[PDB]
Amino acid sequence: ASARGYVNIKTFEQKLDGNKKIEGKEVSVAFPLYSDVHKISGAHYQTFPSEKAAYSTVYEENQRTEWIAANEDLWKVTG
Amino acid sequence: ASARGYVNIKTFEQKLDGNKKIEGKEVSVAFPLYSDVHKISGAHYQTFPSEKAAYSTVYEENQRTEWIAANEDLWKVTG
Amino acid sequence: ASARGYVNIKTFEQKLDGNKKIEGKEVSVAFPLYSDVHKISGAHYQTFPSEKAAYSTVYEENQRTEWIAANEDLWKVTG
Amino acid sequence: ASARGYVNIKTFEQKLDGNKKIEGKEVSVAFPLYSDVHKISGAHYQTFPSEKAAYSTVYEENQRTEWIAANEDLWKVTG
Amino acid sequence: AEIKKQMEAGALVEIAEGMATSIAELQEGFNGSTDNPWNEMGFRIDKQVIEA
Amino acid sequence: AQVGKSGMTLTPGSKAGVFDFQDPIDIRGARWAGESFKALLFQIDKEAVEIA
């Protein structure tokens, strides 16, 4: 664990175009990881602090690039 | 009839979530009934007065709870 | 081409009702025509100028009535 | 059409020499094209403006090089 | 390196341009327009520490 | 801007658009900077004339 706490981020689903959607997503990010890098602005989201990851998907402090990739993925559109 | 006019309520369909929709509905509510209870705020709707019910579903004054349930149901999301 | 430039108009897909959608559309209108008649306001659109039509569907200067019909068509809802 | 009017050019047969004649020709050139490039001086000719081409052979805006060749050809001499 | 070679060659060159007024006037939803937000900037603020 | 050191201002053995300090044609057989850098000044002044 981050052993400090997490920033819990939820992305809400949006329609983008005919047969194109940006799916909702639930991620827990180690506080210091979130603090260091977060490409989240204009993303259609909600956040909150917690002592433990609120979600099944967690990015621990030492994962750095798993999180960066995870952020880019919050903007990805699928079928 | 209410014999005092009606408030005509129309809501519009909302894409609340992935393949989850709040269908728009058309109802007419006896003016004093509407006045007593109408949980309509942030509902994606339109209203207007009339001497006769405008829509096929009408809640006459002697309904109260059929109307309250019908009113709250305006927010219902289905598949 | 018109050789006077084009106004490139993009309509962004939006939903109107259950199984009722206003399809996204991409058209180009000769500048001398766009500037003569248009009904694009509140339409959920984006537009830019160009020296040559940006899109495969083009309304040339001598097609005034095709364009007028086309403007109305940008508000049309289908299946 | 040119949508800017035309310059109508008429030349007359010229008895230039023994068994040599400059073929008389009747052409219409889009106003902005005519204005941009022309050698009509010493052509044994008449000109006039019009809304629509006066003659069956018309050079539109995108005929720059067909017109220039056609223009020089007004002095072509044959049998 | 390849890009620089293409620049030297004049095959691909440096460019900069402003916004058409046709766009700026309606940028970020004026008159029913959409998908056209303005670009933005600001600042961060970070730190370093030492120990004797 | 036009490509300089090309066309009318190009020495027949040159590369058309580049002053090469490692090429005897451009540096006029010069060595060290006492003269190599003069060869560059010559080319600069030559270009200014072409602009006129």
# chains A, B, ... in the order shown; residues from 1 in each chain; ligands from 1
$ residues_around --residues "residue 35 of chain E" --least-positions-apart "5" --cutoff "8 Å" --atoms "only C-alpha atoms" --output "JSON, numbers by chain"
{"C": [45, 46], "E": [28, 29]}
$ residues_around --residues "segment 14-20 of chain D" --least-positions-apart "2" --cutoff "12 Å" --atoms "only C-alpha atoms" --output "VMD selection string"
chain D and resid 11 to 12 22 to 25 42 to 45 74 to 79
$ write_last_selection --atoms "N, CA, C and O atoms" --output "compact mmCIF listing (two decimals), in the first residue's frame"
# COMPACT_ATOMS: atom_id res chain seq x y z
N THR D 11 -14.34 38.20 -82.92
CA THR D 11 -13.38 38.66 -83.90
C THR D 11 -13.96 38.43 -85.28
O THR D 11 -14.86 37.62 -85.47
N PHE D 12 -13.40 39.12 -86.26
CA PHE D 12 -13.88 39.02 -87.62
C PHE D 12 -12.80 38.42 -88.50
O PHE D 12 -11.62 38.57 -88.22
N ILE D 22 -7.16 34.89 -90.91
CA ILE D 22 -7.30 34.68 -89.49
C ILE D 22 -8.73 34.34 -89.23
O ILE D 22 -9.63 35.13 -89.50
N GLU D 23 -8.92 33.13 -88.74
CA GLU D 23 -10.26 32.60 -88.53
C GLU D 23 -11.03 33.50 -87.57
O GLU D 23 -10.53 33.80 -86.48
N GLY D 24 -12.26 33.89 -87.93
CA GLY D 24 -13.03 34.71 -87.00
C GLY D 24 -13.53 33.78 -85.91
O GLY D 24 -13.98 32.67 -86.21
N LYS D 25 -13.54 34.24 -84.66
CA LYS D 25 -14.00 33.42 -83.55
C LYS D 25 -14.89 34.16 -82.57
O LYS D 25 -14.77 35.37 -82.37
N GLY D 42 -5.65 44.90 -81.25
CA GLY D 42 -5.25 44.61 -82.62
C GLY D 42 -5.87 43.29 -83.09
O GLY D 42 -5.31 42.62 -83.96
N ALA D 43 -6.98 42.87 -82.46
CA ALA D 43 -7.61 41.61 -82.85
C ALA D 43 -8.66 41.75 -83.97
O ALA D 43 -9.11 40.71 -84.45
N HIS D 44 -9.04 42.97 -84.44
CA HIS D 44 -10.11 43.11 -85.43
C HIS D 44 -11.34 42.49 -84.79
O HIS D 44 -11.80 41.39 -85.15
N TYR D 45 -11.79 43.18 -83.74
CA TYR D 45 -12.82 42.67 -82.83
C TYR D 45 -13.82 43.63 -82.21
O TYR D 45 -13.76 44.85 -82.35
N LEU D 74 -6.62 33.31 -81.37
CA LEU D 74 -7.50 34.22 -82.08
C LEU D 74 -6.80 34.81 -83.30
O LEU D 74 -7.47 35.35 -84.18
N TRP D 75 -5.47 34.75 -83.34
CA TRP D 75 -4.70 35.25 -84.47
C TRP D 75 -4.18 34.13 -85.35
O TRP D 75 -3.33 34.35 -86.21
N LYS D 76 -4.61 32.89 -85.09
CA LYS D 76 -4.12 31.78 -85.89
C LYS D 76 -4.59 31.97 -87.31
O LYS D 76 -5.78 32.23 -87.56
N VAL D 77 -3.67 31.78 -88.24
CA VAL D 77 -3.96 31.97 -89.63
C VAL D 77 -3.94 30.65 -90.39
O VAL D 77 -3.00 29.86 -90.26
N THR D 78 -4.98 30.44 -91.18
CA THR D 78 -5.12 29.23 -91.97
C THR D 78 -5.35 29.52 -93.45
O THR D 78 -5.34 30.66 -93.89
N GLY D 79 -5.55 28.46 -94.22
CA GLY D 79 -5.74 28.57 -95.66
C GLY D 79 -6.64 29.73 -96.07
O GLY D 79 -7.70 29.52 -96.68
$ calpha_fit_and_write --fixed "chain C" --moving "chain B" --output "CSV table (one decimal) with N, CA, C and O atoms, in the first residue's frame"
chain,number,residue,atom,x,y,z
B,1,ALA,N,-15.2,25.0,-58.5
B,1,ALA,CA,-15.1,25.5,-57.1
B,1,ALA,C,-15.7,26.9,-57.0
B,1,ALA,O,-15.9,27.6,-58.0
B,2,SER,N,-15.9,27.4,-55.8
B,2,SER,CA,-16.4,28.7,-55.5
B,2,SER,C,-15.4,29.8,-55.9
B,2,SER,O,-15.7,31.0,-56.0
B,3,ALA,N,-14.1,29.4,-55.9
B,3,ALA,CA,-13.0,30.2,-56.2
B,3,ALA,C,-12.8,31.4,-55.3
B,3,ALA,O,-12.0,32.3,-55.5
B,4,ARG,N,-13.5,31.4,-54.1
B,4,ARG,CA,-13.3,32.4,-53.1
B,4,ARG,C,-13.2,31.8,-51.7
B,4,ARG,O,-13.4,32.5,-50.7
B,5,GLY,N,-13.0,30.5,-51.7
B,5,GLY,CA,-12.9,29.8,-50.5
B,5,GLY,C,-14.3,29.3,-50.0
B,5,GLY,O,-15.3,29.6,-50.7
B,6,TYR,N,-14.3,28.5,-49.0
B,6,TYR,CA,-15.5,27.8,-48.4
B,6,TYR,C,-15.6,28.0,-46.9
B,6,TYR,O,-14.6,28.2,-46.2
B,7,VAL,N,-16.8,27.8,-46.4
B,7,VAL,CA,-16.9,27.7,-44.9
B,7,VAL,C,-17.3,26.2,-44.7
B,7,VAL,O,-18.2,25.7,-45.2
B,8,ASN,N,-16.4,25.6,-43.9
B,8,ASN,CA,-16.5,24.2,-43.6
B,8,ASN,C,-17.4,24.1,-42.3
B,8,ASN,O,-17.1,24.7,-41.3
B,9,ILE,N,-18.4,23.3,-42.4
B,9,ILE,CA,-19.4,23.1,-41.3
B,9,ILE,C,-19.4,21.7,-40.8
B,9,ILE,O,-19.7,20.7,-41.6
B,10,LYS,N,-19.2,21.5,-39.5
B,10,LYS,CA,-19.3,20.1,-38.9
B,10,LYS,C,-20.3,20.1,-37.7
B,10,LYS,O,-20.1,21.0,-36.8
B,11,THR,N,-21.2,19.2,-37.7
B,11,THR,CA,-22.1,19.1,-36.6
B,11,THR,C,-21.8,17.8,-35.9
B,11,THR,O,-21.1,16.9,-36.4
B,12,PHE,N,-22.2,17.7,-34.6
B,12,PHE,CA,-21.9,16.5,-33.8
B,12,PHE,C,-23.2,15.8,-33.4
B,12,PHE,O,-24.2,16.5,-33.3
B,13,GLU,N,-23.2,14.5,-33.3
B,13,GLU,CA,-24.4,13.8,-33.0
B,13,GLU,C,-25.1,14.1,-31.7
B,13,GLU,O,-24.4,14.2,-30.6
B,14,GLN,N,-26.4,14.3,-31.7
B,14,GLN,CA,-27.1,14.6,-30.5
B,14,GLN,C,-28.2,13.6,-30.2
B,14,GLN,O,-29.1,13.2,-31.0
B,15,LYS,N,-28.3,13.2,-28.9
B,15,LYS,CA,-29.3,12.2,-28.4
B,15,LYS,C,-30.5,13.0,-28.1
B,15,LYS,O,-30.8,13.1,-26.9
B,16,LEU,N,-31.3,13.4,-29.1
B,16,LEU,CA,-32.4,14.2,-28.9
B,16,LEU,C,-33.5,13.5,-28.0
B,16,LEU,O,-34.2,14.2,-27.2
B,17,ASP,N,-33.7,12.3,-28.3
B,17,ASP,CA,-34.8,11.5,-27.5
B,17,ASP,C,-34.5,10.0,-27.4
B,17,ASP,O,-33.5,9.6,-27.9
B,18,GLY,N,-35.4,9.3,-26.8
B,18,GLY,CA,-35.2,7.9,-26.6
B,18,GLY,C,-35.1,7.2,-28.0
B,18,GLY,O,-36.1,7.1,-28.7
B,19,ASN,N,-33.9,6.7,-28.3
B,19,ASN,CA,-33.5,6.1,-29.6
B,19,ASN,C,-33.8,7.0,-30.8
B,19,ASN,O,-34.1,6.5,-31.9
B,20,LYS,N,-33.6,8.3,-30.7
B,20,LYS,CA,-33.8,9.3,-31.7
B,20,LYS,C,-32.6,10.1,-31.8
B,20,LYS,O,-32.2,10.8,-30.8
B,21,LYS,N,-31.9,10.2,-33.0
B,21,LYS,CA,-30.7,10.9,-33.1
B,21,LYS,C,-30.5,11.8,-34.2
B,21,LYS,O,-31.0,11.6,-35.3
B,22,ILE,N,-29.8,12.9,-33.9
B,22,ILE,CA,-29.5,13.9,-35.0
B,22,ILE,C,-28.1,13.6,-35.3
B,22,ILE,O,-27.2,14.0,-34.6
B,23,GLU,N,-27.9,12.9,-36.5
B,23,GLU,CA,-26.5,12.6,-36.8
B,23,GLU,C,-25.7,13.8,-37.1
B,23,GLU,O,-26.2,14.7,-37.7
B,24,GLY,N,-24.4,13.8,-36.8
B,24,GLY,CA,-23.6,14.9,-37.1
B,24,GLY,C,-23.3,14.8,-38.6
B,24,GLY,O,-23.1,13.7,-39.2
B,25,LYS,N,-23.1,15.9,-39.3
B,25,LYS,CA,-22.8,15.9,-40.7
B,25,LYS,C,-21.6,16.9,-41.1
B,25,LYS,O,-21.4,17.8,-40.4
B,26,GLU,N,-21.0,16.5,-42.1
B,26,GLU,CA,-19.8,17.3,-42.6
B,26,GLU,C,-20.0,17.9,-44.0
B,26,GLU,O,-20.1,17.2,-45.0
B,27,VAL,N,-20.2,19.2,-44.1
B,27,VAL,CA,-20.4,19.8,-45.4
B,27,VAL,C,-19.6,21.0,-45.6
B,27,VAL,O,-19.2,21.7,-44.6
B,28,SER,N,-19.3,21.4,-46.9
B,28,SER,CA,-18.6,22.6,-47.2
B,28,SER,C,-19.4,23.5,-48.0
B,28,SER,O,-20.1,23.1,-49.0
B,29,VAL,N,-19.5,24.8,-47.7
B,29,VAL,CA,-20.4,25.7,-48.4
B,29,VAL,C,-19.6,26.9,-49.0
B,29,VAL,O,-18.9,27.5,-48.3
B,30,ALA,N,-19.8,27.1,-50.3
B,30,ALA,CA,-19.1,28.2,-50.9
B,30,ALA,C,-19.3,29.4,-50.0
B,30,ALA,O,-20.4,29.8,-49.5
B,31,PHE,N,-18.1,30.1,-49.7
B,31,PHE,CA,-18.2,31.3,-48.8
B,31,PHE,C,-19.4,32.2,-49.0
B,31,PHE,O,-20.1,32.5,-48.0
B,32,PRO,N,-19.6,32.8,-50.2
B,32,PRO,CA,-20.8,33.7,-50.4
B,32,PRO,C,-22.2,33.1,-50.2
B,32,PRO,O,-23.1,33.8,-50.0
B,33,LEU,N,-22.2,31.7,-50.3
B,33,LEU,CA,-23.5,31.0,-50.2
B,33,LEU,C,-23.8,30.9,-48.7
B,33,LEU,O,-24.9,31.1,-48.3
B,34,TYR,N,-22.7,30.5,-48.0
B,34,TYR,CA,-22.8,30.4,-46.5
B,34,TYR,C,-23.3,31.7,-46.0
B,34,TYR,O,-24.2,31.8,-45.2
B,35,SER,N,-22.6,32.8,-46.4
B,35,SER,CA,-22.9,34.1,-46.1
B,35,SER,C,-24.3,34.6,-46.3
B,35,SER,O,-24.9,35.2,-45.5
B,36,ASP,N,-24.8,34.2,-47.5
B,36,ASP,CA,-26.2,34.5,-47.8
B,36,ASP,C,-27.2,33.8,-46.9
B,36,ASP,O,-28.0,34.4,-46.2
B,37,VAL,N,-27.1,32.4,-46.8
B,37,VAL,CA,-28.0,31.8,-45.8
B,37,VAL,C,-27.4,30.6,-45.0
B,37,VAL,O,-26.9,29.7,-45.5
B,38,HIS,N,-27.4,30.8,-43.7
B,38,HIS,CA,-26.9,29.7,-42.8
B,38,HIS,C,-27.6,29.6,-41.5
B,38,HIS,O,-27.3,30.3,-40.5
B,39,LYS,N,-28.6,28.7,-41.4
B,39,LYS,CA,-29.5,28.7,-40.2
B,39,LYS,C,-28.8,27.8,-39.1
B,39,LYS,O,-29.2,26.7,-38.7
B,40,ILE,N,-27.7,28.3,-38.6
B,40,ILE,CA,-26.8,27.6,-37.7
B,40,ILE,C,-26.7,28.4,-36.3
B,40,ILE,O,-25.9,29.3,-36.2
B,41,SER,N,-27.5,27.9,-35.4
B,41,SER,CA,-27.6,28.6,-34.1
B,41,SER,C,-28.1,27.6,-33.1
B,41,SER,O,-29.3,27.1,-33.2
B,42,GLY,N,-27.3,27.2,-32.1
B,42,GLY,CA,-27.8,26.2,-31.1
B,42,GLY,C,-27.7,24.8,-31.8
B,42,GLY,O,-28.2,23.8,-31.3
B,43,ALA,N,-26.9,24.7,-32.8
B,43,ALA,CA,-26.7,23.5,-33.6
B,43,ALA,C,-25.7,22.5,-33.2
B,43,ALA,O,-25.6,21.4,-33.8
B,44,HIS,N,-24.9,22.7,-32.1
B,44,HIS,CA,-23.9,21.7,-31.6
B,44,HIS,C,-22.9,21.4,-32.8
B,44,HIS,O,-22.9,20.4,-33.4
B,45,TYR,N,-22.2,22.5,-33.1
B,45,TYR,CA,-21.3,22.5,-34.3
B,45,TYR,C,-20.0,23.3,-34.2
B,45,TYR,O,-19.7,24.0,-33.2
B,46,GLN,N,-19.2,23.1,-35.2
B,46,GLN,CA,-17.9,23.8,-35.4
B,46,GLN,C,-17.8,24.3,-36.9
B,46,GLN,O,-18.2,23.6,-37.8
B,47,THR,N,-17.2,25.5,-37.1
B,47,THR,CA,-16.9,26.0,-38.4
B,47,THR,C,-15.5,26.5,-38.6
B,47,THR,O,-14.9,26.9,-37.6
B,48,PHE,N,-15.0,26.5,-39.8
B,48,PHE,CA,-13.8,27.2,-40.2
B,48,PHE,C,-13.7,27.6,-41.7
B,48,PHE,O,-14.4,27.0,-42.5
B,49,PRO,N,-13.0,28.6,-42.1
B,49,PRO,CA,-12.7,28.9,-43.4
B,49,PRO,C,-11.6,28.1,-44.1
B,49,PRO,O,-10.7,27.7,-43.4
B,50,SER,N,-11.7,27.9,-45.4
B,50,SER,CA,-10.6,27.3,-46.1
B,50,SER,C,-10.6,27.7,-47.6
B,50,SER,O,-11.7,28.0,-48.1
B,51,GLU,N,-9.5,27.6,-48.3
B,51,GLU,CA,-9.4,27.9,-49.7
B,51,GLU,C,-10.0,26.8,-50.6
B,51,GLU,O,-10.4,27.1,-51.8
B,52,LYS,N,-10.2,25.6,-50.1
B,52,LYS,CA,-10.8,24.5,-50.8
B,52,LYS,C,-11.8,23.9,-49.9
B,52,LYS,O,-11.7,24.0,-48.7
B,53,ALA,N,-12.8,23.2,-50.5
B,53,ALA,CA,-13.7,22.5,-49.7
B,53,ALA,C,-13.0,21.5,-48.8
B,53,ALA,O,-12.1,20.7,-49.3
B,54,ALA,N,-13.4,21.4,-47.5
B,54,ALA,CA,-12.7,20.4,-46.6
B,54,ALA,C,-13.5,19.1,-46.6
B,54,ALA,O,-12.9,18.0,-46.3
B,55,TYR,N,-14.8,19.1,-46.8
B,55,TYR,CA,-15.6,17.9,-46.7
B,55,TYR,C,-16.1,17.3,-48.0
B,55,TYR,O,-16.1,18.0,-49.0
B,56,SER,N,-16.4,16.0,-48.0
B,56,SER,CA,-16.9,15.4,-49.2
B,56,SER,C,-18.2,15.9,-49.8
B,56,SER,O,-18.3,15.8,-51.0
B,57,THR,N,-19.0,16.6,-49.1
B,57,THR,CA,-20.2,17.1,-49.6
B,57,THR,C,-20.0,18.6,-49.7
B,57,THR,O,-19.9,19.3,-48.7
B,58,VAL,N,-20.1,19.1,-51.0
B,58,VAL,CA,-19.8,20.6,-51.2
B,58,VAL,C,-21.0,21.2,-51.9
B,58,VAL,O,-21.4,20.7,-52.9
B,59,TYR,N,-21.4,22.4,-51.4
B,59,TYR,CA,-22.4,23.2,-52.0
B,59,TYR,C,-21.8,24.4,-52.6
B,59,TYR,O,-21.3,25.3,-52.0
B,60,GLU,N,-21.7,24.3,-54.0
B,60,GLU,CA,-21.1,25.4,-54.7
B,60,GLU,C,-22.1,26.5,-54.7
B,60,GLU,O,-23.3,26.3,-54.5
B,61,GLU,N,-21.6,27.7,-55.1
B,61,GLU,CA,-22.5,28.9,-55.1
B,61,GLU,C,-23.8,28.7,-55.8
B,61,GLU,O,-24.8,29.1,-55.3
B,62,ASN,N,-23.7,28.0,-57.0
B,62,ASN,CA,-24.9,27.8,-57.8
B,62,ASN,C,-25.8,26.6,-57.4
B,62,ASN,O,-25.9,25.7,-58.1
B,63,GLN,N,-26.2,26.7,-56.1
B,63,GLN,CA,-27.1,25.7,-55.5
B,63,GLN,C,-28.3,26.3,-54.8
B,63,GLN,O,-29.4,25.7,-54.9
B,64,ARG,N,-28.0,27.4,-54.1
B,64,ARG,CA,-28.9,28.1,-53.2
B,64,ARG,C,-29.9,27.2,-52.4
B,64,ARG,O,-29.9,27.2,-51.2
B,65,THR,N,-30.9,26.6,-53.1
B,65,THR,CA,-32.0,25.9,-52.4
B,65,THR,C,-31.6,24.5,-52.1
B,65,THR,O,-32.2,23.9,-51.1
B,66,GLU,N,-30.6,23.9,-52.8
B,66,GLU,CA,-30.1,22.6,-52.4
B,66,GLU,C,-29.4,22.8,-51.1
B,66,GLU,O,-29.5,21.9,-50.2
B,67,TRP,N,-28.7,23.9,-51.0
B,67,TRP,CA,-28.0,24.2,-49.7
B,67,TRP,C,-29.0,24.5,-48.6
B,67,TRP,O,-28.9,24.0,-47.6
B,68,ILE,N,-30.0,25.4,-48.9
B,68,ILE,CA,-30.9,25.7,-47.8
B,68,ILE,C,-31.5,24.4,-47.3
B,68,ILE,O,-31.6,24.2,-46.1
B,69,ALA,N,-32.0,23.5,-48.1
B,69,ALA,CA,-32.6,22.3,-47.6
B,69,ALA,C,-31.5,21.5,-46.8
B,69,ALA,O,-31.8,21.0,-45.8
B,70,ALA,N,-30.3,21.4,-47.4
B,70,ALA,CA,-29.2,20.7,-46.7
B,70,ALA,C,-28.9,21.2,-45.3
B,70,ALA,O,-28.5,20.5,-44.4
B,71,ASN,N,-29.0,22.6,-45.2
B,71,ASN,CA,-28.7,23.3,-44.0
B,71,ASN,C,-29.8,23.0,-43.0
B,71,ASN,O,-29.5,22.7,-41.9
B,72,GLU,N,-31.0,23.1,-43.3
B,72,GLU,CA,-32.1,22.9,-42.4
B,72,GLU,C,-32.1,21.4,-41.9
B,72,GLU,O,-32.3,21.1,-40.8
B,73,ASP,N,-31.7,20.5,-42.8
B,73,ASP,CA,-31.6,19.1,-42.6
B,73,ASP,C,-30.5,18.8,-41.5
B,73,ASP,O,-30.5,17.7,-40.9
B,74,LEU,N,-29.6,19.7,-41.2
B,74,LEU,CA,-28.6,19.5,-40.1
B,74,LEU,C,-29.3,19.2,-38.8
B,74,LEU,O,-28.6,18.7,-37.9
B,75,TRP,N,-30.5,19.7,-38.6
B,75,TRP,CA,-31.3,19.5,-37.4
B,75,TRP,C,-32.2,18.3,-37.4
B,75,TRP,O,-32.9,18.1,-36.4
B,76,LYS,N,-32.2,17.5,-38.5
B,76,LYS,CA,-33.1,16.4,-38.6
B,76,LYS,C,-32.8,15.2,-37.7
B,76,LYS,O,-31.6,14.8,-37.6
B,77,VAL,N,-33.8,14.7,-37.1
B,77,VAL,CA,-33.6,13.6,-36.1
B,77,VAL,C,-34.2,12.3,-36.8
B,77,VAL,O,-35.3,12.3,-37.3
B,78,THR,N,-33.5,11.2,-36.7
B,78,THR,CA,-33.9,10.0,-37.3
B,78,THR,C,-33.8,8.8,-36.3
B,78,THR,O,-33.3,9.0,-35.2
B,79,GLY,N,-34.3,7.7,-36.7
B,79,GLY,CA,-34.1,6.5,-35.9
B,79,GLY,C,-32.7,6.0,-36.1
B,79,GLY,O,-31.9,6.6,-36.8
$ select_by_dssp --residues "chain D" --states "strand (DSSP E)" --output "number ranges by chain"
D: 6-11, 14-17, 20-22, 26-30, 45-50, 58-59, 77-78
$ write_last_selection --atoms "N, CA and C atoms" --output "CSV table (one decimal), in the first residue's frame"
chain,number,residue,atom,x,y,z
D,6,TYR,N,-19.5,37.7,-67.7
D,6,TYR,CA,-18.6,37.4,-68.8
D,6,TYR,C,-18.2,38.6,-69.6
D,7,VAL,N,-17.0,38.4,-70.3
D,7,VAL,CA,-16.6,39.3,-71.3
D,7,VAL,C,-16.7,38.6,-72.6
D,8,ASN,N,-17.6,39.0,-73.5
D,8,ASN,CA,-17.8,38.4,-74.7
D,8,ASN,C,-17.0,39.0,-75.8
D,9,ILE,N,-16.2,38.1,-76.5
D,9,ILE,CA,-15.2,38.5,-77.5
D,9,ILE,C,-15.6,38.0,-78.9
D,10,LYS,N,-15.7,38.9,-79.8
D,10,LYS,CA,-16.0,38.5,-81.2
D,10,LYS,C,-14.9,39.1,-82.1
D,11,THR,N,-14.3,38.2,-82.9
D,11,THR,CA,-13.4,38.7,-83.9
D,11,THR,C,-14.0,38.4,-85.3
D,14,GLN,N,-10.0,37.9,-90.9
D,14,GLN,CA,-9.0,38.9,-91.5
D,14,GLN,C,-8.3,38.4,-92.7
D,15,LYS,N,-8.4,39.1,-93.8
D,15,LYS,CA,-7.8,38.7,-95.0
D,15,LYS,C,-6.3,39.2,-95.0
D,16,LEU,N,-5.5,38.5,-94.2
D,16,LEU,CA,-4.1,38.8,-93.9
D,16,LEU,C,-3.2,38.7,-95.1
D,17,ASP,N,-3.3,37.7,-95.9
D,17,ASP,CA,-2.4,37.5,-97.1
D,17,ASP,C,-3.0,36.5,-98.1
D,20,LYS,N,-4.2,33.2,-96.9
D,20,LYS,CA,-4.0,33.3,-95.4
D,20,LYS,C,-5.1,34.1,-94.8
D,21,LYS,N,-5.8,33.5,-93.9
D,21,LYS,CA,-6.9,34.1,-93.2
D,21,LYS,C,-6.9,33.8,-91.7
D,22,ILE,N,-7.2,34.9,-90.9
D,22,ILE,CA,-7.3,34.7,-89.5
D,22,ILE,C,-8.7,34.3,-89.2
D,26,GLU,N,-15.8,33.4,-81.9
D,26,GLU,CA,-16.7,34.0,-80.9
D,26,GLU,C,-16.6,33.2,-79.6
D,27,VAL,N,-16.0,33.9,-78.6
D,27,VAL,CA,-15.8,33.2,-77.3
D,27,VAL,C,-16.4,34.0,-76.1
D,28,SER,N,-16.6,33.4,-75.0
D,28,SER,CA,-17.0,34.1,-73.8
D,28,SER,C,-16.0,33.7,-72.7
D,29,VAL,N,-15.5,34.7,-72.0
D,29,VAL,CA,-14.6,34.5,-71.0
D,29,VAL,C,-15.0,35.0,-69.6
D,30,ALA,N,-15.0,34.2,-68.6
D,30,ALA,CA,-15.4,34.7,-67.3
D,30,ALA,C,-14.8,36.0,-67.0
D,45,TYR,N,-11.8,43.2,-83.7
D,45,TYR,CA,-12.8,42.7,-82.8
D,45,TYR,C,-13.8,43.6,-82.2
D,46,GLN,N,-14.8,43.0,-81.5
D,46,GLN,CA,-15.8,43.7,-80.7
D,46,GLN,C,-15.9,43.0,-79.3
D,47,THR,N,-16.2,43.8,-78.3
D,47,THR,CA,-16.4,43.2,-77.0
D,47,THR,C,-17.7,43.7,-76.3
D,48,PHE,N,-18.2,43.0,-75.3
D,48,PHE,CA,-19.3,43.5,-74.5
D,48,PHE,C,-19.4,42.6,-73.2
D,49,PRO,N,-19.9,43.2,-72.1
D,49,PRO,CA,-20.2,42.4,-70.9
D,49,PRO,C,-21.6,41.7,-71.0
D,50,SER,N,-21.7,40.7,-70.2
D,50,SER,CA,-23.0,40.0,-70.0
D,50,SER,C,-23.1,39.2,-68.7
D,58,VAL,N,-17.1,28.8,-73.9
D,58,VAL,CA,-17.0,29.6,-72.7
D,58,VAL,C,-15.8,29.1,-71.9
D,59,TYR,N,-15.0,30.1,-71.4
D,59,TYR,CA,-13.9,29.8,-70.5
D,59,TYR,C,-14.1,30.3,-69.1
D,77,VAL,N,-3.7,31.8,-88.2
D,77,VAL,CA,-4.0,32.0,-89.6
D,77,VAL,C,-3.9,30.6,-90.4
D,78,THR,N,-5.0,30.4,-91.2
D,78,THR,CA,-5.1,29.2,-92.0
D,78,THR,C,-5.3,29.5,-93.4
$ select_by_dssp --residues "segment 32-79 of chain B" --states "alpha helix (DSSP H)" --output "ChimeraX atom specification"
/B:32-36,65-72
$ closest_atom_pairs --of "chain E" --to "chain F" --cutoff "12 Å" --atoms "only C-alpha atoms" --output "JSON lines"
{"residue": "E:7", "atom": "CA", "partner": "F:17", "partner_atom": "CA", "distance": 11.9}
{"residue": "E:8", "atom": "CA", "partner": "F:17", "partner_atom": "CA", "distance": 8.4}
{"residue": "E:9", "atom": "CA", "partner": "F:17", "partner_atom": "CA", "distance": 8.6}
{"residue": "E:10", "atom": "CA", "partner": "F:3", "partner_atom": "CA", "distance": 8.6}
{"residue": "E:13", "atom": "CA", "partner": "F:1", "partner_atom": "CA", "distance": 11.2}
{"residue": "E:14", "atom": "CA", "partner": "F:1", "partner_atom": "CA", "distance": 11.5}
$ interface_residues --of "chain E" --to "chain C" --cutoff "6 Å" --atoms "only C-alpha atoms" --output "list in words"
residues 31, 32, 33 and 34 of chain E
